[PDB]
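*Asks:* A structural model of the following input is requested.
(one chain, ligands or ions: 1)
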Amino acid sequence: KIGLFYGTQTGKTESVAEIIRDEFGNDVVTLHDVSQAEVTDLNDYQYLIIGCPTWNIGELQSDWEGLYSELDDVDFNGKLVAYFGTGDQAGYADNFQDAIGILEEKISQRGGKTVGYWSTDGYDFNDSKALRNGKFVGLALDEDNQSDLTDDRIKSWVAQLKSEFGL
Ligand SMILES: Cc1cc2nc3c(=O)[nH]c(=O)nc-3n(C[C@H](O)[C@H](O)[C@H](O)COP(=O)(O)O)c2cc1C
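*Replies:* Residues are numbered from 1 along each chain as shown. See the structure here:
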């Protein structure tokens, strides 16, 4: 029912995808590491969760970068799309969560209806390509600075998405 497509450099978004899966049900969510994925794998789901950390100051994580150049080959109309990222707001206050911002911008143009928007309250940052009229395009996690907050963030966003998705 939901395909969660994640990239990871140092394992944190992956560890977070697993918590997400387990919050919905591991029956409801299928995980796909986008290092092993085909862009046409995204066609298999009408409900997508897109996980990407921002790397090297504002860049997509390297596996998502590879897939990004082909998002063009896919039709996202009729799909509902949620985004999550891991990032470091203290180290990169100017580019916090840019990657999910970049991914959503593209997937949105190609058809996908974004669900899963999230309050910027309680984050300390200057700018982000994830910002959308005062909210983040999706769940912003910081395992570097706010890891005590992650569990309850995920529980709360997942409950939100169960509603947005119709589950
Ligand atoms: C050199 C480098 C550059 C980074 N740049 C950003 C950034 O621009 N924006 C951001 O939010 N986080 C940035 N981060 C933090 C990572 O996104 C964060 O550590 C994330 O949890 C990594 O996810 P991963 O473990 O799944 O690869 C950067 C981290 C490193 C080491």
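
*Asks:* Now residue 39: closest residue in space that isn't a chain neighbour?
*Replies:* residue 70 (4.2 Å; Cβ to Cβ, 6 or more residues apart in numbering). C-beta coordinates here come from the backbone N, C-alpha and C atoms, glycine included.

*Asks:* quick one, phi/psi of the one you found?
*Replies:* Dihedral angles of residue 70 (phi, psi; degrees, to the nearest 10) stand at phi -120, psi 0.

*Asks:* Look up how far the ligand lies from it.
*Replies:* 21 Å (Cβ to the nearest ligand atom, to the nearest Å).

*Asks:* just how off-centre is stretch 140-151 within its chain?
*Replies:* 14 Å (Cα atoms, centre = their mean, to the nearest Å).

*Asks:* again but with stretch 147-166, I slipped
*Replies:* With Cα atoms, centre = their mean, you get 12 Å for stretch 147-166.

*Asks:* Can you dump the C-alpha atoms of that stretch in PDB for me?
*Replies:* The C-alpha trace of stretch 147-166 is given here as PDB (Å, rounded to 0.1, in the frame of the first residue of the first chain):
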ATOM      1  CA  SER A 147      17.500  13.100  18.600                       C
ATOM      2  CA  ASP A 148      15.400  13.000  21.700                       C
ATOM      3  CA  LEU A 149      12.700  14.500  19.600                       C
ATOM      4  CA  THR A 150      12.600  12.000  16.700                       C
ATOM      5  CA  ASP A 151      10.500   9.200  18.200                       C
ATOM      6  CA  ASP A 152       7.600  11.500  19.100                       C
ATOM      7  CA  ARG A 153       8.000  13.400  15.800                       C
ATOM      8  CA  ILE A 154       7.600  10.200  13.800                       C
ATOM      9  CA  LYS A 155       4.700   8.900  15.900                       C
ATOM     10  CA  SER A 156       2.900  12.200  15.400                       C
ATOM     11  CA  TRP A 157       3.700  12.500  11.600                       C
ATOM     12  CA  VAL A 158       2.700   8.900  10.900                       C
ATOM     13  CA  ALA A 159      -0.700   9.500  12.700                       C
ATOM     14  CA  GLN A 160      -1.100  12.600  10.500                       C
ATOM     15  CA  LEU A 161      -0.300  10.600   7.300                       C
ATOM     16  CA  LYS A 162      -2.700   7.800   8.200                       C
ATOM     17  CA  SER A 163      -5.300  10.400   8.000                       C
ATOM     18  CA  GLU A 164      -4.000  12.200   4.800                       C
ATOM     19  CA  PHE A 165      -3.600   8.900   3.000                       C
ATOM     20  CA  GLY A 166      -7.000   7.400   4.000                       C
END
